[PDB]
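Here the structure comes first, spelled out in structure tokens, and everything after it is commentary.
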Amino acid sequence: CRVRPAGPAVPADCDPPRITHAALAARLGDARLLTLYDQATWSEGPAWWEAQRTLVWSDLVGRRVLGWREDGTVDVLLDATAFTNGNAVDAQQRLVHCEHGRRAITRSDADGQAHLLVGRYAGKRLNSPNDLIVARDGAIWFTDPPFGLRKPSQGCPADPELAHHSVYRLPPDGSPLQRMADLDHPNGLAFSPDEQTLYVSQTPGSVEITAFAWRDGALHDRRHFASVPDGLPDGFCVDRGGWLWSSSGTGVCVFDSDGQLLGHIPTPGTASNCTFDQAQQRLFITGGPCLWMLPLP
Amino acid sequence: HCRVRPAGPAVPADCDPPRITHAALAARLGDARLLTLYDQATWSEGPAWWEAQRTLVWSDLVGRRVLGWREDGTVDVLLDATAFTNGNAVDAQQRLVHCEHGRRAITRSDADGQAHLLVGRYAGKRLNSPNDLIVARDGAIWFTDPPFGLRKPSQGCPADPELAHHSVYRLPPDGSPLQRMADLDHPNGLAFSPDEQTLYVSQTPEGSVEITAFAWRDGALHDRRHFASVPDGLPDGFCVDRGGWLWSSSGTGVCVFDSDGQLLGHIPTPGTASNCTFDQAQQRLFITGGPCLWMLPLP
Ligand SMILES: [Ca+2]
Ligand SMILES: [Ca+2]
Ligand SMILES: [Ca+2]
Ligand SMILES: [Ca+2]
Ligand SMILES: [Ca+2]
Ligand SMILES: [Ca+2]
């Protein structure tokens, strides 16, 4: 099912970027936000799919996983989903998903069939996987806040079986799921370029982006990394240079590897997540019924 | 089949009380105040009272579910991951019948909780996107076929219609086939008068936005005429009571008209109302609108 015909993007109705740092000013130039789709209900988890040169993201509430093609076309990749939220792409260019409904991590084939990868920790059902990433070694890392258990429009209500909201690492060899850290409503996550630092946001309690040291098979030196001026640092991404681009109530905030705020990119509505394409020349941002994109020069 | 709302008392709705000018309607309502039975959907539609299960069945069109309100306040998912089910109705055998934007057809559910196809084409071409339906005393299913489900991603799958008309159809209980009874402009809600001599059908285009009345005599609809216009918004879905009054949804709540088309009063609702229906005894009025399912308990 094609939900948007091929066609050019239309400028988004919002104020141009507010840039402080000269380095970010050079990166964005006079780029202006564009609207790629605006017919969803609750856009989430954008992930660039190089193998298909498609931007994958889901409409959590509409229970679909959509795919934006470079010609502007938007197709339905997965329909009538079990409330899929976050999306990611593995080393084999396969799509992996966080599903609120099945409360698990799944992986789709070519037929568009999402197969279960894990739905329990130590024999107890996960809360409701929210966002995920795939490390270079193939392990899938993800957050498990209880959001999918407290809102009917986003899953099936239920009292949690687990007494913790954790960040987990699913080994690529089939070994047991690993509880890496307990947080307060962990949400988005992303590794630093060298994977020595893992960033995870918490959106209950302190609303922030937390940093962890990834070394010797565990997470260490937990500390506050950054806070966004408005709203929640929901989903976010880190570019090859080390900058963290995070969603927020008013748009996307950009921070350097030291946590310094460099600038803000307004969006017409609350932003839920964001990611870059392969070349990192296009910044995709999800939020409400929309998929926005900022073309960098 | 999960439970989306635990059992528990309803909460009064945050809206103004009924504005009643008619004395007869003031008596019918008494001091009744609107209640909220559910507020966690996205686009509530097609409420239908299911006597056999003493449950109010309705759809969350955008959320792709058909929900069921139990009298203790519990709300369960009756049909999940639907093909954008909109209108719901109950046939003589107490089976649920549905209008599905996605499958562009009329379907019927079994005790298995599975909706099976009844009809999805006219003259070999796919229907536009069945919106609302009713079941006549003779078992025939009547429904409206506007193209809403073909021009909004959040409510179906976009496509160019195969039919060059938006019709009201009649599906015979014996041997079909579908009967094209009338063509309208975005036909939406529909309901029969108690004696079934008049069929009311609303038209809600982007040419008139109104509730239209037809004469149902012989084997066709005759004498098309304007019946009423609601003060605000669209007369989406509506129902008719045993006395002949037509209770219709609108942008500000439910409007009540007598059989002569005279406005009797207005029942404010906190948000736009999409449809409404009564329970078996017609002692409780259920109203759908956005994330909500509201109810007005009559004395
Ligand atoms: Ca589910
Ligand atoms: Ca998230
Ligand atoms: Ca990501
Ligand atoms: Ca579809
Ligand atoms: Ca309708
Ligand atoms: Ca009805």
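Residues in the structure tokens are numbered from 1 in each chain, the chains being A, B, ... in the order shown, and ligands are numbered from 1 in the order shown.
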Can you check which residues of chain B have any atom within 8 Å of chain A? Use only C-alpha atoms and format it as a VMD selection string.
chain B and resid 2 to 5 40 to 42 62 to 64 81 to 83 152 to 154 157 to 158
Find the residues around residue 214 in chain A up to 9 Å (only C-alpha atoms counted), leave out those fewer than 5 positions away in its own chain, and share them as a PyMOL selection string. chain A and resi 195-198+219-221
Those same residues - C-alpha atoms - I'd like them written as a CSV table (one decimal), in the first residue's frame.
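Written file, out_21.csv:
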```csv
chain,number,residue,atom,x,y,z
A,195,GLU,CA,31.5,3.0,21.0
A,196,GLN,CA,33.4,3.8,24.2
A,197,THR,CA,30.5,5.9,25.5
A,198,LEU,CA,26.8,4.9,25.5
A,219,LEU,CA,28.5,0.0,31.7
A,220,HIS,CA,30.5,2.3,34.0
A,221,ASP,CA,30.9,5.8,35.2
```
(message) Could you list, as number ranges by chain, all residues that come within 6 Å of ligand 6? Count only C-alpha atoms and all ligand atoms.
(response) B: 134, 239, 277
Could those selected residues go to a file with N, CA, C and O atoms, as a PDB file, in the first residue's frame?
```
ATOM      1  N   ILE B 134     -26.578  -0.300   8.900  1.00  0.00           N
ATOM      2  CA  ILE B 134     -27.695  -0.627   9.774  1.00  0.00           C
ATOM      3  C   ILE B 134     -28.304  -1.918   9.255  1.00  0.00           C
ATOM      4  O   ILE B 134     -28.038  -2.331   8.125  1.00  0.00           O
ATOM      5  N   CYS B 239     -28.921   8.246  15.081  1.00  0.00           N
ATOM      6  CA  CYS B 239     -29.851   7.153  15.313  1.00  0.00           C
ATOM      7  C   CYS B 239     -31.257   7.703  15.475  1.00  0.00           C
ATOM      8  O   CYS B 239     -31.448   8.909  15.628  1.00  0.00           O
ATOM      9  N   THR B 277     -25.805   6.099  19.502  1.00  0.00           N
ATOM     10  CA  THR B 277     -26.768   5.007  19.434  1.00  0.00           C
ATOM     11  C   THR B 277     -27.330   4.794  20.837  1.00  0.00           C
ATOM     12  O   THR B 277     -26.769   5.284  21.818  1.00  0.00           O
TER      13      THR B 277
END
```
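Each of B:71, B:162, B:218, B:112 was checked against residue 150 in chain B using only C-alpha atoms; the smallest atom-to-atom distance is that of B:162.
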**OP:** Please check which protein, DNA or RNA residues sit within 8 Å of ligand 5, counting only C-alpha atoms and all ligand atoms, and write them as a PyMOL selection string.
**Re:** chain B and resi 45-46+86-87+131-132+188-189+236-237+274-275
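If you measure from each of B:108, B:101, B:126, B:226 to residue 261 in chain B using only C-alpha atoms, the closest one turns out to be B:226.
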- Please return as a PyMOL selection string: the residues of range 77-279 of chain B that backbone DSSP assigns to strand (DSSP E or B). chain B and resi 77-80+85-90+96-100+105-109+115-119+121-122+125-126+133-135+141-144+166-171+179-184+187-192+198-203+210-217+220-228+238-240+246-249+253-257+263-268+275-278
Practice item. Pick out the residues sitting within 12 Å of residue 9 in chain A, and hand them over as a count of residues only; count only C-alpha atoms, and ignore anything fewer than 3 positions along from it in its own chain. Key: 23
Exercise. Looking only at the backbone, which of the residues in range 43-223 of chain A does DSSP tag as helix (DSSP H, G or I), as number ranges by chain?
Worked result: A: 50-52, 147-149, 152-154
Suppose we keep C-alpha atoms; can you now write the selection as a short mmCIF file (atom, residue, chain, number, x, y, z; two decimals), in the first residue's frame?
```
data_model
loop_
_atom_site.label_atom_id
_atom_site.label_comp_id
_atom_site.auth_asym_id
_atom_site.auth_seq_id
_atom_site.Cartn_x
_atom_site.Cartn_y
_atom_site.Cartn_z
CA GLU A 50 20.97 1.82 2.95
CA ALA A 51 20.15 -1.44 1.16
CA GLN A 52 16.85 0.12 0.04
CA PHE A 147 5.36 3.42 28.27
CA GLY A 148 3.81 0.65 26.20
CA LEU A 149 2.04 -0.67 29.31
CA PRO A 152 -4.04 1.87 25.20
CA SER A 153 -3.32 3.79 22.00
CA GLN A 154 0.22 2.46 22.19
#
```
Do a neighbour search on residue 299 in chain B at 12 Å with only C-alpha atoms, toss out local chain neighbours closer than 6 positions, and write the hits as a CSV table (one decimal) with N, CA and C atoms, in the first residue's frame.
```csv
chain,number,residue,atom,x,y,z
B,25,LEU,N,-38.6,16.8,25.3
B,25,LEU,CA,-37.2,16.4,25.4
B,25,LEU,C,-36.7,16.6,26.8
B,26,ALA,N,-37.1,17.7,27.4
B,26,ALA,CA,-36.7,18.0,28.7
B,26,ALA,C,-37.2,16.9,29.7
B,27,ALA,N,-38.3,16.4,29.4
B,27,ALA,CA,-38.9,15.3,30.2
B,27,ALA,C,-38.1,14.0,30.0
B,28,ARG,N,-37.8,13.8,28.8
B,28,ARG,CA,-37.0,12.6,28.4
B,28,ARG,C,-35.6,12.5,29.1
B,29,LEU,N,-34.9,13.7,29.1
B,29,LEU,CA,-33.6,13.8,29.7
B,29,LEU,C,-33.6,14.0,31.2
B,30,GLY,N,-34.5,14.8,31.7
B,30,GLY,CA,-34.5,15.1,33.2
B,30,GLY,C,-33.2,15.8,33.5
B,31,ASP,N,-32.6,15.4,34.6
B,31,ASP,CA,-31.3,16.0,35.0
B,31,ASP,C,-30.1,15.2,34.6
B,32,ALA,N,-30.2,14.4,33.5
B,32,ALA,CA,-29.1,13.6,33.1
B,32,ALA,C,-27.9,14.4,32.7
B,33,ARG,N,-26.7,14.0,33.1
B,33,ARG,CA,-25.5,14.6,32.8
B,33,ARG,C,-24.6,13.6,32.0
B,281,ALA,N,-33.0,-0.9,25.6
B,281,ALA,CA,-34.2,-0.2,26.2
B,281,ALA,C,-34.3,1.3,25.9
B,282,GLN,N,-33.3,1.8,25.2
B,282,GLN,CA,-33.2,3.2,24.8
B,282,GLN,C,-33.3,4.1,26.1
B,283,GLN,N,-32.6,3.6,27.1
B,283,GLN,CA,-32.5,4.3,28.4
B,283,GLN,C,-31.1,4.9,28.6
B,284,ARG,N,-30.2,4.6,27.7
B,284,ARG,CA,-28.8,5.1,27.7
B,284,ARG,C,-28.4,5.5,26.3
B,285,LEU,N,-27.9,6.7,26.2
B,285,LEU,CA,-27.5,7.2,24.9
B,285,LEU,C,-25.9,7.2,24.9
```
>> Quick one: residues within 10 Å of residue 202 in chain A, only C-alpha atoms, excluding same-chain residues fewer than 5 positions away - as a PyMOL selection string?
In response: chain A and resi 143+145+183-189+207-210+232-234
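For the choices B:163, B:119, B:57, B:24, the atom-to-atom distance to residue 279 in chain B is smallest for B:57 when using only C-alpha atoms.
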Polymer residues at most 9 Å from residue 97 in chain B, only C-alpha atoms, same-chain spacing of 3 or more positions, as a short mmCIF file (atom, residue, chain, number, x, y, z; two decimals) with C-alpha atoms, in the first residue's frame:
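Written output follows (selection_0.cif):
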```
data_model
loop_
_atom_site.label_atom_id
_atom_site.label_comp_id
_atom_site.auth_asym_id
_atom_site.auth_seq_id
_atom_site.Cartn_x
_atom_site.Cartn_y
_atom_site.Cartn_z
CA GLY B 87 -19.34 1.44 11.36
CA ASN B 88 -20.67 -1.48 13.43
CA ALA B 89 -24.17 -2.93 13.73
CA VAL B 90 -25.85 -6.05 15.10
CA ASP B 91 -27.98 -8.34 12.96
CA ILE B 106 -18.99 -5.27 4.67
CA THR B 107 -17.86 -8.09 6.98
CA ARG B 108 -19.45 -10.14 9.78
CA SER B 109 -17.78 -11.49 12.94
CA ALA B 115 -14.60 -10.90 10.65
CA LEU B 118 -19.93 -10.54 3.16
CA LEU B 133 -24.39 0.50 8.29
CA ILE B 134 -27.69 -0.63 9.77
CA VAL B 135 -29.76 -3.80 9.70
CA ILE B 141 -27.88 -4.73 5.68
#
```
Discussion item. Residues contacting ligand 2 - anything with an atom at most 8 Å away, using only C-alpha atoms and all ligand atoms - can you give me those as number ranges by chain?
Written reply: A: 44-45, 85-86, 130-131, 187-188, 234-235, 272-273
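The space separating CA of residue 276 in chain A from CA of residue 140 in chain A comes to 18.9 Å.
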| request: Fewer than 4 positions away in the same chain doesn't count, so skip those; otherwise give me all residues within 6 Å of residue 211 in chain A, counting only C-alpha atoms, as a ChimeraX atom specification. | output: /A:198-199,222-223,225
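For ligand 3, the neighbouring protein, DNA and RNA residues, which are those within 6 Å when only C-alpha atoms and all ligand atoms are counted, are residues 133, 237 and 275 of chain A.
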Min atom-atom distance to residue 77 in chain A from the set A:25, A:89, A:114, A:31, counting only C-alpha atoms, belongs to A:114
